[PDB]
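Given next, in structure tokens, is a single chain: the form deposited in one PDB entry.
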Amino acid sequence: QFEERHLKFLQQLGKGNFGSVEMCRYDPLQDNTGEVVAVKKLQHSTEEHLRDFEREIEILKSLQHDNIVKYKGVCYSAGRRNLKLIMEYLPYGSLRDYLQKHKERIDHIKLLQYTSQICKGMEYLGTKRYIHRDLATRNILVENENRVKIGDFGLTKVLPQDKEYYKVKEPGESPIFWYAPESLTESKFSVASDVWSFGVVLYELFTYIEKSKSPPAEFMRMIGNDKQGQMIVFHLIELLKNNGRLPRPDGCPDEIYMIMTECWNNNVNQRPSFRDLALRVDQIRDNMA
């Protein structure tokens, strides 16, 4: 539904290997009245990455929720080459950058509002049997000061109809410091591993994205900054197997840290549900108010 000739590039909003997102104006009348949109494209579009991208687009189109970024459409040139995903543009960028840049004005009650919205989005995913696999504040977007949305679904998988986990090992770097132990050891991803990652997101929020307090920084100190290459993963596994954990962030109340530590249960089946997480967070919010 979008013609590429009418997409006007404004700036880059994000870039990894395999993908990037741009701020563009969609201006079919060419009179500078069109709306600004976000445009995701692949960076090294192998056929495998293209099939994954088409599945990612279908997943996002199937999702309709206040805390999930809105699908708008697709754009392609020359037959169907250089597929692009069109999404609503959210003006405050990623929650990671937003929180870092406005930490002095964002209090704990606001952090818990964001936490509750992220839980509701994840519960919605879970009802569709979708496993996100990449939950992190860098993949959460800020629509306004009172509303956040899960913003990227590049790694999201649909569970088989007969199993409660999905096994996958992607070649390349993996956000291992957000991964549940069974995801590190067995490449097993589930609603429960998303819950483990959600605990890491909650940690991130209460660190306010302070430099040396990031999960990678804290875990690398705990295993020794000398560890190199593959040993990193091995040592992380051993650390988590012995119940090594990220510390309580400065100023974090004990009850919030306790939500984190319960998400970080080595026993997959004893981690809370996203509905229970939302319930506990919302009760704490109400107590604070």
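C-alpha atoms forming the largest set that superposes within 1.5 Å between two forms make up the rigid core. All residue numbers are counted from 1 along the displayed sequence. Shifts are known only where both forms have a C-alpha.
Engineer: Is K128 unresolved, in the sense of carrying no coordinates, in at least a third of the other compared entries?
Structural biologist: Result for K128: never missing in the compared entries.
Engineer: Are coordinates for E186 absent in a third or more of the other compared PDB entries?
Structural biologist: no, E186 modelled in all other entries.
Engineer: Is the mean CA B factor in the deposited entry higher across 177-185 or across 75-83?
Structural biologist: Of 75-83 and 177-185, the stretch with the higher C-alpha B-factor average is 75-83.
Engineer: If you average the CA temperature factors over each stretch, which comes out higher, 55-63 or 228-236?
Structural biologist: Going by the record's values, the stretch with the higher mean is 228-236.
Engineer: Could you tell me which one of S273, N265, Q12, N17 shows the highest CA temperature factor in the PDB record?
Structural biologist: Of the candidates given, the C-alpha B-factor peaks at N17.
Engineer: Report the option among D194, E164, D152, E204 whose CA atom has the maximum B-factor in the deposited record.
Structural biologist: Of the candidates given, the C-alpha B-factor peaks at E164.
Engineer: Which third of the chain holds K213 when residues are ordered by C-alpha B factor: lowest, middle or highest?
Structural biologist: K213: CA B-factor falls in the highest third of its chain.
Engineer: Looking at the temperature factor on the CA atom of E170, which third of the chain's modelled residues does it land in?
Structural biologist: Highest third - that is where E170 ends up once the chain's C-alpha B-factors are sorted.
Engineer: Of the three thirds of its chain by CA temperature factor, lowest, middle or highest, which one includes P253?
Structural biologist: It falls in the middle third of the chain.
Engineer: Lowest, middle or highest third: which one holds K40 when the chain's residues are ordered by CA B-factor from the entry?
Structural biologist: As the PDB entry reports it, the C-alpha B-factor of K40 lands in the middle third of its chain.
Engineer: Per the entry's values, where does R133 land by CA temperature factor relative to the rest of its chain, in the lowest, middle or highest third?
Structural biologist: As the PDB entry reports it, the C-alpha B-factor of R133 lands in the middle third of its chain.
The discussion below concerns the form deposited in another entry, not included here.
Engineer: In a superposition on the rigid core, which residue from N146, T127, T185, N82 has a CA displacement reaching 2 Å or more between this form and the one not shown?
Structural biologist: Comparing the C-alpha positions, the one residue that moves 2 Å or more is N82.
Engineer: Rigid core fitted, then: does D107 show a CA shift of 2 angstroms or greater between this form and the one not shown?
Structural biologist: Where the cores coincide, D107 shows only a C-alpha shift between this form and the one not shown that is less than 2 Å.
Engineer: With both forms fit on the core, has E164 moved 2 Å or more by CA between this form and the one not shown?
Structural biologist: Result for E164: no, shift under 2 Å.
Engineer: Which way does the C-alpha gap of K169 and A217 go in the other entry, closer or farther, given it changes by 3 angstroms or more?
Structural biologist: The answer is farther, because the C-alphas of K169 and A217 separate from each other in the other entry by 3 Å or more.
Engineer: Assuming the CA distance changes by 3 angstroms or more, are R129 and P171 closer together or farther apart in the other entry compared with the shown structure?
Structural biologist: Nearer in the other entry, by 3 Å or more.
Engineer: For a shift of 2 angstroms or more at every C-alpha, which runs of three or more consecutive residues qualify between this form and the one not shown, with the core superposed?
Structural biologist: Once the cores are aligned, runs 79-82, 169-173 are those whose C-alphas move by at least 2 Å.
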